[PDB]
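J.: Generate a structure from the sequence data that follows.
(chains A, B, C, D, E, F and G)
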Amino acid sequence: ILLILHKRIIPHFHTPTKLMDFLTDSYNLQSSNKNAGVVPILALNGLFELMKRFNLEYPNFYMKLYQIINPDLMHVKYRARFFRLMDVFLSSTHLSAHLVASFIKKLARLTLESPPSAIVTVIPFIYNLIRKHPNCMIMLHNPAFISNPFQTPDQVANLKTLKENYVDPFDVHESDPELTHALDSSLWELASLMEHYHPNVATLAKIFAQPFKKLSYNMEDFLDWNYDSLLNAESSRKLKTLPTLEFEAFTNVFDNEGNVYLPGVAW
Amino acid sequence: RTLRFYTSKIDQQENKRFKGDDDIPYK
Amino acid sequence: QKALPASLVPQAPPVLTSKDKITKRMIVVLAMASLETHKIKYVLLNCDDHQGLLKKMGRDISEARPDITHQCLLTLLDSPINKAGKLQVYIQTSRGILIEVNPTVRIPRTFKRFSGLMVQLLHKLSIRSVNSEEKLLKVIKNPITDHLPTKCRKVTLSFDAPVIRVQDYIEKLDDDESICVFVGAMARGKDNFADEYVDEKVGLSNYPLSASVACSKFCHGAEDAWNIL
Amino acid sequence: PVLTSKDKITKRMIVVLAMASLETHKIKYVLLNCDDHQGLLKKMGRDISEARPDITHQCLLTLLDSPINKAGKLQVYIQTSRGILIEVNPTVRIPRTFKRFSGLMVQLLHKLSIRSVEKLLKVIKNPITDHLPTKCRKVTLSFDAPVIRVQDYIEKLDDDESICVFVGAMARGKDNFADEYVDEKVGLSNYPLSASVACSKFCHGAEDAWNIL
Amino acid sequence: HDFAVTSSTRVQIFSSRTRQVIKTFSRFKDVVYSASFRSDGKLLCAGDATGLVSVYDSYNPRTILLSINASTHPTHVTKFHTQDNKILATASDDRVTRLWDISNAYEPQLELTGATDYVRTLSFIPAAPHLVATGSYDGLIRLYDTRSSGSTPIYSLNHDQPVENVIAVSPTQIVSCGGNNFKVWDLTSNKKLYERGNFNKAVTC
Amino acid sequence: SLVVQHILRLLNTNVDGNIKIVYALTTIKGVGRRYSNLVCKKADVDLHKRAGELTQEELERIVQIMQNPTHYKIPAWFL
Amino acid sequence: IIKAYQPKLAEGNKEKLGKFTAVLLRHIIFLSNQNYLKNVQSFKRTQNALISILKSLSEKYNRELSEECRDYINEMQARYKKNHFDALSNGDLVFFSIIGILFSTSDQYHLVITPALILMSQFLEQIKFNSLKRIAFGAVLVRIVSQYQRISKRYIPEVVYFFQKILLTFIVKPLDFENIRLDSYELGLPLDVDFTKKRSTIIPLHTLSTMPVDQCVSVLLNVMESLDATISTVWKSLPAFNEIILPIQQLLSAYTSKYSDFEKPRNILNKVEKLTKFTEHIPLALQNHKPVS
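T.: Residues are numbered from 1 along each chain as shown, chains lettered A, B, ... in the order given. Next comes the structure:
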């Protein structure tokens, strides 16, 4: 019902405001059933349509939105729907730099344990937010920690002491995105993604190490990617040249119960 | 459109003017 | 917690030309450049290539070396200070012809091709780019005073003058100012070519310095002083 | 005192102009140039891009005319692309004009030696390592390498030791010519540097580090 | 008392009696963020997303009197100082509220700092020309003394919600409207006298 | 807190979003100031808008104006 | 068959062996699917020997082998679209190993490795891993991908996701870990387990078909051993050590607190503690661009 509410139900009602209580309860649903934890994500789309059509409000909207971001969001099939709405939410002009910094930091932290399809979504999303809000660029890089050849020996010592005393101030348990101290933190996770096993995903993460010449990235070209699509994408490519082989030789493919390719496994 | 296309542009961006001791073209 | 610049993309430093006078700059003046043309086809007169012809002209072949002028431009143009857009070069022919050197130019590294430019420049009075977008070498109106910055400091390279440290010199000078260096491209001669217009003359090293060596030494100090790197 | 390869104790600034494109061709043996001899080099099969002794001539002039050379703290070695090692006596005064420089250079490779009446230019036996001082630091000019201050670099190095810089006189090429001998590669300027300017930068720093003035 | 509205990339001044646009300033390339007049009403200052602040003679759109590039970040607030005509305040997304002077446009007279988030509210307290009040989206309202060296707030007031606009109702009472409530603070006591949260959506202006 | 509201390619021509629609369209060859104003008034696009502010449907209408002028009774002298 | 059909003997014989190269690989995979617990020794004498012959065939018909290899990658994917783990068998696990033998794992892009590695990341995540057989299958899957990145040493996020759920699966929740999605709460190990007897950490492939506490413990120990090599080799050099290892450190702490005797997690926690001490978690600086001329 919540999937089709925004399109196939609400437009056909005279007074769709009567669905406020149903949608608001769905958006605030908290249950011991794990499978019900995805209900608020779906209710958000229908809720916003009512918000948009009749100038209605949800109290503490961004704090609730910040809470909903969780590792489960990265894995649900409805990530594409959620991120489409989230861009509209974080495209507002009255959003604090700290507010957006917490969203960027939390998503990047989740990317450490996310599938490549989700990574393909988050990277251009973070690129747009930082480009929208240049104050968040300090997270990608802190100039105070850069070493200059001309800096005096006293400056070198002061730089060393600063490198001795730093602590990451980002709090993962704070529920208010304006108090997580993410802006003072750093996107030390996104650097890891540049070593992602897939070549294309790693190349996307390499953009943060490159100048931000591009004005924005179109999310619709990165949102609805799946494991099947990525596999189908590679299988299309033709073998122009034979694949490279391995010079090293292994006597036994698996371990026993000289050289073993896979220690710890046996026939 | 495809992700591969963006990667090629990114990789091409890194590879992307007389430099060092290069002389002006002959003719 | 000083905030970052909004745009951190690398931006090409401006090309500094005679029209812009406010900006702090180093101006290297290659005074008494031996650059002359004569029909044999016009060729740049040289100390070695044209000895009999210059004798007919009555001019001594000792002061007939455009090679020195060529080398000074190479080291000056190739210097990192030029790459940072903080240096512009002027050349004063011994005959009295003043040449403005656009920092963007790339003179040929071979001398013979360089001579081909000088006859082209001296006769056509201007040189254009391969893409036809900017004039790189343009002959300009004397005196040299008007083309230079409104507020600028003037020195000549004098072996007899006291030895100074160029880095310590540029540091103690002001910032809105600019520094102009008169380098004598001559093989030998009295250091009074710029005496009319300069305020003082300084020595760079106790040993004699070639024009190519001296100008390179002077500019490196500005890069250290101005942190051009 | 005039520094020589025989003496190794004295601290000195060694500069090696690696991959010098110096070759003699007879149609009489004349130094090859990228533009003077294009068809002849084409018949030889060698690219005319790497056929420029002008860069090598320019590096020698700034190196020899630098104040440090006047102070007797610099000796120059040249490694030809063909594999010929040339020792350049500090006392030598090479011609300012390139044409006379070329005429000298054909004399040196065929006669293997230039005399005055000590050898100003002598061809010597490779490897360069034997000629170099016993205790010495080796570095190369690498654009990709981290940028370092030459003045701070020489200051932090020891005193009894000596410093070698393997400068590539190439117009273009991979900076791996001296990788076999050197232990590290350092960047001098974040911007690209010509061979002539880079050695001029390096000698300027040493004059400040050692107070040659 | 013609009133100026900032819309899109233009500023429209409407006559009071006619209730219609009498002047239009469309020179601004990007969106315009302010149209505050000076006390004499002769000059009008405005901000742009490019960050440049342009000063126009009120009722003379053609002439540009002074243009300053306050920052490369967007400049959202540009307000003339009520006591002193010559000094102009500029607040940007750069999180530094530069205090400019009309005579010297190359460098700010003062550069107040210390805000860790966007500063979109700047207020001048009546009878206290030296005091300058800024409210950032940190939820902190910062007061600065220009007589002193500056660049460090003499003290900060916590609003706990992003501050959308700070207004000094009286010399000693300042009302800050941020989030879903507006609170009245007195500087002598440095505590909120009153607070009202009857609004449903976050108060803006 | 939640409030929701540079270059374009028209007729194989790069047009700056900065410039006003009429005189940003003038850059296209064969389109004059009067022609551009006529196209804008036919397209029902507000002239005070900058070229960037134009929506997709407005640009589609404008390309329909220029590609099919006679179908919309554009005077002959303009063409 | 190879000796009777050498390329020298007749024309068109390269093709016949080239097709035979594809045929041999399927036979190698086919035999593993068949039951072999009865004569595991005899199966071992054939199964490795066929691989050795395939290696000789691959050296001269790598193209023919590669085409068959990709088709098999397509085949499992289509079967996985309908059967999930039921499609997965021992033969699939074997095939993935053979590719590592016969193809260059340490490449940024490779025709057979990369489609395979993607397929392995999918199973390390999509599969429920809600059964001891399923967890044992995933444990073998981690080992294969680990040896795929033995030198390239790239970061696989699914490898992180696999350990966290399996680690929490055997401790079922403790109420402190609500960010980890479990798929089975009935696999919690009993407290009476000893964790001092020397239990074999090698997981035989034929046992998976048969697949209690000892088997669960053995599967656990093998995955822990895989964890440490991942921490030691891949994660250590990665920038986000402290973030990546933080949930795992908490999981390992629960193992020590609940089982004091169990020594493996303590060695990991002590070793993990050492790494965070030495590593400098300095804020990154990546936009520092060389100025343009």
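J.: For the stretch 51-200 of chain A, which residues are neighbours of chain G?
T.: Neighbours of chain G within the stretch 51-200 of chain A, by CB under 8 Å from any CB of the partner chain: A:70-72, A:75, A:109, A:111-116, A:119, A:137, A:140-143, A:145-146, A:163, A:166, A:168, A:186-189, A:191-193, A:195-199. C-betas here are computed from N, CA, C, even on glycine.
J.: Derive a ChimeraX selection command for the buried subset of the residues you listed.
T.: In ChimeraX, a selection of the buried entries from those looks like this (16 or more other CB atoms under 10 Å in any protein chain shown):
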select /A:70,71,72,75,109,111,112,113,114,115,116,119,137,140,141,142,186,187,188,189,191,192,193,195,196,197,198,199
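J.: now the strands for the chain?
T.: All of this refers to chain A. A:252-254, A:260-262, A:265-266 (DSSP state E).
J.: switch to chain C, that's the one I care about
T.: Along chain C, counting by DSSP E, strands occupy C:26-33, C:37-39, C:42-44, C:87-93, C:98-101, C:126-128, C:135-140, C:153-156, C:179-184.
J.: List the residues that contact residue 101.
T.: I went with chain A, as the question did not name one. For residue A:101, the contacting residues are A:136, A:139, A:180, A:182, A:183, A:185, by CB atoms under 8 Å, 6 or more residues apart in numbering or on different chains.
J.: sorry, should have said chain C
T.: C:73, C:77, C:88, C:89, C:90, C:91, C:136, C:137.
J.: who wins for neighbours among those?
T.: residue C:88 (26 neighbours; other CB atoms under 10 Å in any protein chain shown).
J.: quick one: it and residue C:23, what's the gap?
T.: 10 Å (CB to CB, to the nearest Å).
J.: Need the residues touching each of the two.
T.: Common neighbours of residue C:88 and residue C:23 (CB under 8 Å, 6+ apart) are residue C:16.
J.: near chain F, which residues of the stretch 1-150 of chain A show up?
T.: Residues of the stretch 1-150 of chain A lying near chain F (CB under 8 Å from any CB): A:61, A:62, A:88, A:89, A:91, A:92, A:93, A:94, A:95, A:99.
J.: In PyMOL, how would I select the buried members of these?
T.: This is how PyMOL selects the buried members of the residues of the stretch 1-150 of chain A next to chain F, with burial counted by 16+ other CB under 10 Å:
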select buried, chain A and resi 61+62+89+92+95+99
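J.: Which ones among the residues of the stretch 1-150 of chain A next to chain F map onto helices?
T.: A:61, A:62, A:88, A:89, A:99 (DSSP state H).
J.: What sits closest to the third one if chain neighbours are left out?
T.: Nearest residue to residue A:88 in three dimensions, chain neighbours excluded: residue F:4, at 5.9 Å (CB to CB, 6 or more residues apart in numbering or on different chains).
J.: The one you found reaches residue A:90, doesn't it?
T.: No: here residue F:4 lies out of contact with residue A:90, judged by CB atoms under 8 Å, at a distance of 10.2 Å.
J.: higher neighbour count, these two?
T.: residue A:90 (20 against 10).
J.: the longest helix in chain G is where?
T.: Using DSSP H to define each element, chain G has its longest helix at helix G:40-83.
J.: ranges for the helices of chain F?
T.: Counting by DSSP H, residue ranges of the helices within chain F are F:21-25, F:33-43, F:56-67.
J.: Adding distance to chain E and mean neighbour count as columns, could you present those in a markdown table?
T.: Shown next, in a markdown table, are these (distance: least, CB to the nearest CB, whole Å; neighbours: other CB atoms under 10 Å in any protein chain shown):
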| stretch | distance to chain E | mean neighbour count |
| --- | --- | --- |
| helix F:21-25 | 12 | 22 |
| helix F:33-43 | 16 | 18 |
| helix F:56-67 | 15 | 15 |
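J.: After the longest helix of chain G, which helix or strand is next? Please name it.
T.: Using DSSP states H and E, the helix or strand that follows helix G:40-83 towards the C-terminus is helix G:90-102.
J.: What is that following helix packed up against?
T.: Of the remaining helices and strands, those touching helix G:90-102 by 3 or more CB pairs under 8 Å, 6 or more residues apart in numbering or on different chains; DSSP states H and E are strand A:252-254, strand A:260-262, helix G:13-33, helix G:40-83, helix G:113-126, helix G:132-148, helix G:205-210.
J.: and residue A:34, which of these is closest to it?
T.: With CB to CB, the closest approach to residue A:34 among these belongs to helix G:113-126: 16.8 Å.
J.: So which of the residues of the stretch 51-200 of chain A next to chain G sit within helices?
T.: Under the assignment DSSP H, those contribute A:71-72, A:75, A:109, A:111, A:116, A:119, A:137, A:140, A:163, A:191-193, A:199 to helices.
J.: Can you tell me which of these is closest to chain C?
T.: Checking those against chain C with CB to the nearest CB, the nearest one is residue A:137 at 5.5 Å.
J.: right, and that closest one touches residue C:4 too?
T.: Yes: using CB under 8 Å, residue A:137 makes contact with residue C:4 at a distance of 5.5 Å.
J.: Out of the ones in helices among the residues of the stretch 51-200 of chain A next to chain G, just show me the ones up against chain B, please.
T.: Under the cut-off given by CB under 8 Å from any CB, chain B has residue A:199 from those close to it.
J.: Give me the distance between the residue of the stretch 51-200 of chain A found nearest chain D and residue C:24.
T.: Proximity of the stretch 51-200 of chain A to chain D (CB to the nearest CB) peaks at residue A:149, 4.8 Å away. Distance, residue A:149 to residue C:24, using CB to CB: 22 Å.
J.: my read: residue A:206 touches residue A:193, true?
T.: No: using CB under 8 Å, residue A:206 is not in contact with residue A:193; the gap is 9.1 Å.
J.: related to what we said a few turns ago, turn the helices of chain F into a markdown table, columns for distance to chain D.
T.: Below are those laid out as a markdown table (distance: least, CB to the nearest CB, whole Å):
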| stretch | distance to chain D |
| --- | --- |
| helix F:21-25 | 39 |
| helix F:33-43 | 46 |
| helix F:56-67 | 44 |
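J.: would you turn those helices into TSV with distance to residue C:226?
T.: Below are those laid out as TSV (distance: least, CB to CB, whole Å):
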stretch	distance to residue C:226
helix F:21-25	42
helix F:33-43	49
helix F:56-67	49
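J.: Can you check which of these gets nearest to residue A:245?
T.: helix F:56-67 (52.3 Å).
J.: and the angle for that closest one with helix F:33-43?
T.: Counting by axes from the mean of the first three to the mean of the last three CA atoms, to 10 degrees, helix F:56-67 lies at 130 degrees to helix F:33-43.
J.: Can I get helix F:56-67 in CSV? Just the C-alpha atoms.
T.: Output in CSV follows, covering the C-alpha atoms of helix F:56-67 (Å, rounded to 0.1, in the frame of the first residue of the first chain):
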residue,chain,number,x,y,z
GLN,F,56,12.8,22.4,-20.1
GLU,F,57,9.3,22.8,-21.6
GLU,F,58,10.1,26.5,-22.3
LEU,F,59,13.3,25.5,-24.2
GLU,F,60,11.3,22.9,-26.1
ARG,F,61,8.7,25.5,-27.0
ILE,F,62,11.4,27.9,-28.2
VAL,F,63,13.1,25.3,-30.4
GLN,F,64,9.7,24.6,-31.9
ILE,F,65,9.3,28.3,-32.5
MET,F,66,12.6,28.6,-34.4
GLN,F,67,12.4,25.3,-36.3
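J.: Would you mind confirming that residue C:9 makes contact with residue A:214?
T.: No: judged on CB under 8 Å, residue C:9 makes no contact with residue A:214 at a distance of 10.3 Å.
J.: more neighbours, those two?
T.: In this view residue C:9 and residue A:214 are compared by other CB under 10 Å, and residue A:214 has more residues nearby, 15 against 12.
J.: Got phi/psi on that one?
T.: Note on residue A:214: backbone dihedrals following degrees, to the nearest 10 are phi -70, psi 140.
J.: Excluding covalently adjacent residues, which one is nearest to the closest residue to chain B within the stretch 151-293 of chain G?
T.: Closest approach between the stretch 151-293 of chain G and chain B, counting by CB to the nearest CB: residue G:293, at 8.0 Å. With sequence-adjacent residues excluded and distances taken as CB to CB, 6+ apart, residue G:293 is closest to residue C:83, at 4.3 Å.
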